[PDB]
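Chains as they are written, first to last, in the UniProt record's numbering: chain A, 51 to 267, 277 to 394; chain B, 54 to 217, 221 to 267, 272 to 395.
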């Protein structure tokens, strides 16, 4: 019982979570993440100050977008600061430069700004925390590090709340991690009645009222994973290896630029999710089966955007990536 | 992928008008999602919002109402049984005194709780005023009775059963009508009407659209079914639990008044026998002398402060007979 306490200890270790933030887990792993973070962080604003302000969404891909549209559905005050789709013809793939939107943010008050660090379906990963949000002290950052939580050294002090579960519209199944500021929780409490109620701020169900979740306290499963990443260098190690894994993969595709298309702009190329397509779309299944033959599986793009997507994880070996690099390079010179 | 649904459908004769589905959470999760979902269902059929109405017979239906209020679902208590005996639960007012508050108002739904566990208050019957009113969708919580109380599923718009955090499972049998109508809301009419919106993870028409569901126990589910199916179904289980309770109450009722049974006979619960000692001094010896006969799990609820006798499906009549004997031995012993 309460191996929770140990896993939490592991997390505050590998991430160096400061005393200013608290770790809590939530049954949900997906959609549950959006709704609960929007309603709770709206209420945290109403606590700290006395009024409501809109929430800011940086839409860099599918998950970003869904997150915003759910804050819209719930009638949480929120606005799309930008939609990367609008800056390269309705398709994701770029992350507009700060200057083109940073002033939509500076000086204005926000309940929080949301972003999705790694956009799994489209292979858009933020190169950096936008510096315009970092320098503003009255903008709380909500980040979804769903893909990179244990593979990208981040500074937990800069974040209002960190979310990591999956990036799948699964049910209530799975778990979402949370690392939230204690400032925020105190302020979620310090607000009710007319304040939240005449302002129209939607009330979060108590099942998901963040302060009540920490007060109410099959999960050894992750405490195990936390332990293997520990010792083996921690997050910084796993980052450096995932980075290396991707460098090799991308070079193979860039090299045979005659044969493949990498549709995501290099600046925001995801290291966990590599997305590419064949210029001759009549050889996809030939590609899929030859790869099947080589025990290199899990490459068909999600059945929406199509094409191909090679996912990199902490458990993957550099030599297993190099096996795929070998096939990619061989298939292009073959055709 | 086990359709434990099929055995529930057989267990309760669930008609084709209704759909079984499950949700993770028990406890509060059911309060929250049923109120905003069913409020939306009203904006489906009609253009407007009507208040939800709550029949507060004990602590659980009280807490449902209080959460709907917190959430800003339009909702009102039709009665509160506490008012009809000195602010103490234990009674259900004659429907004469509230019939017309039902029949002459517009309600999204009317909520009642079949069995209030903490106070041992159970509805003798589904209220005839609710059933005759064609404009009232009944939302019933049979959380301690779903398998020991024969009911007519067609009389209900929502039957929900769990227990009384995010843990456990809440079971749902819902009119297909209601589902079509929560899908048939506009989302914009709901913003204007001020109706709070349920997070899509708990949006009933999507929860039924596909799923995932934390399982492994879902096997235990049809396990508990099927047995009951082959014991003679819910009717047999009901007759049995009735027997266990009738011999228990006879032991309390037939004393020279050594014990108090606070629940009115009209509305005494078959699953939770609440009782108390006329001379409170002896309540500590009561529990020791009971452990001396291997009878445990008998102390109040930390709030009410008397003694509870929670009858369930497993509890043998022999076991309640032993308890009957210890009640009858202790009252004579300590005359």
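From the three backbone atoms N, C-alpha and C, an ideal C-beta is built for every residue, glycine too.
C-beta neighbour in chain A for residue i, strict 9 Å
{"i": "residue 258/B", "result": "yes"}
{"i": "residue 241/B", "result": "no"}
{"i": "residue 272/B", "result": "yes"}
{"i": "residue 215/B", "result": "no"}
{"i": "residue 389/B", "result": "no"}
{"i": "residue 247/B", "result": "yes"}
{"i": "residue 316/B", "result": "no"}
{"i": "residue 55/B", "result": "no"}
{"i": "residue 263/B", "result": "yes"}
Any chain B beta carbon closer than 9 Å to residue i
{"i": "residue 81/A", "result": "yes"}
{"i": "residue 125/A", "result": "yes"}
{"i": "residue 169/A", "result": "no"}
{"i": "residue 244/A", "result": "no"}
7 Å Cβ cut-off: residues of chain B touching residue i
{"i": "residue 266/A", "result": "221"}
Buried/exposed call for residue i, threshold 16 Cβ in 10 Å
{"i": "residue 55/B", "result": "exposed"}
{"i": "residue 254/B", "result": "buried"}
{"i": "residue 187/A", "result": "exposed"}
{"i": "residue 250/B", "result": "exposed"}
{"i": "residue 310/A", "result": "exposed"}
{"i": "residue 142/A", "result": "buried"}
{"i": "residue 257/A", "result": "buried"}
{"i": "residue 266/A", "result": "exposed"}
{"i": "residue 149/B", "result": "exposed"}
{"i": "residue 68/A", "result": "exposed"}
{"i": "residue 168/A", "result": "buried"}
{"i": "residue 156/B", "result": "exposed"}
{"i": "residue 363/A", "result": "exposed"}
{"i": "residue 111/B", "result": "buried"}
{"i": "residue 348/B", "result": "exposed"}
{"i": "residue 276/B", "result": "exposed"}
Chain-ordered neighbours of residue i on chain A, where CB pairs are closer than 9 Å
{"i": "residue 252/B", "result": "124, 125, 252 and 253"}
{"i": "residue 392/B", "result": "Chain A residues near residue 392/B: none, gap ~43 Å exceeds 9 Å."}
Contact set for residue i: own chain, Cβ-Cβ below 7 Å, skip 5 residues either direction
{"i": "residue 126/A", "result": "88, 89, 92, 105 and 252"}
{"i": "residue 71/B", "result": "206, 229, 230, 231 and 232"}
{"i": "residue 304/A", "result": "371, 375, 377 and 380"}
{"i": "residue 98/A", "result": "237"}
{"i": "residue 219/A", "result": "80 and 81"}
{"i": "residue 241/B", "result": "93, 96 and 97"}
{"i": "residue 326/A", "result": "145 and 177"}
{"i": "residue 330/A", "result": "175, 301, 302, 305 and 371"}
Neighbourhood of residue i by C-beta distance below 8 Å, restricted to the same chain and skipping five residues each side
{"i": "residue 100/B", "result": "245"}
{"i": "residue 307/B", "result": "377, 380, 381 and 384"}
{"i": "residue 211/B", "result": "87, 91, 162, 190, 191, 192, 193, 228, 229, 230, 231 and 234"}
{"i": "residue 64/A", "result": "200, 285, 288, 289, 293 and 294"}
{"i": "residue 184/B", "result": "191 and 208"}
Chain B contact residues for residue i, given Cβ-Cβ distances below 9 Å
{"i": "residue 363/A", "result": "Going along chain B, no residue has its Cβ under 9 Å from residue 363/A, so there is no contact; the nearest lies around 16 Å."}
Beta-carbon proximity list for residue i, same chain, < 6 Å, skipping 5 on both sides
{"i": "residue 391/B", "result": "315 and 318"}
{"i": "residue 335/A", "result": "312, 319, 321 and 367"}
{"i": "residue 103/B", "result": "95, 159, 160 and 161"}
{"i": "residue 224/A", "result": "79, 215 and 216"}
{"i": "residue 57/B", "result": "278, 281 and 282"}
{"i": "residue 137/B", "result": "144 and 146"}
Contact set between residue i and chain B, taken where Cβ atoms lie within less than 8 Å
{"i": "residue 85/A", "result": "255, 256 and 257"}
Partner residues on chain A for residue i, Cβ-Cβ distance less than 7 Å
{"i": "residue 366/B", "result": "The contacting residues do not exist; residue 366/B stays about 27 Å from chain A at best."}
{"i": "residue 77/B", "result": "77 and 222"}
Partners in chain A for residue i, counting only beta-carbon separations shorter than 8 Å
{"i": "residue 120/B", "result": "255 and 256"}
Legend entry - Every unbroken beta strand (DSSP E) within the segment 141-173 of chain A, with a cutoff of 3 residues, ordered by chain: Qualifying beta strand (DSSP E) stretches, in chain order: 163-166.
Legend entry - alpha helix (DSSP H) runs contained entirely in the segment 59-142 of chain A, provided each spans 4 or more residues: 81-98 and 112-123
Inset, instruction - Only counting runs of 3 or more residues, tell me where the beta strand (DSSP E) segments fall wholly within the segment 177-206 of chain B, in order along the chain. - result: 191-194
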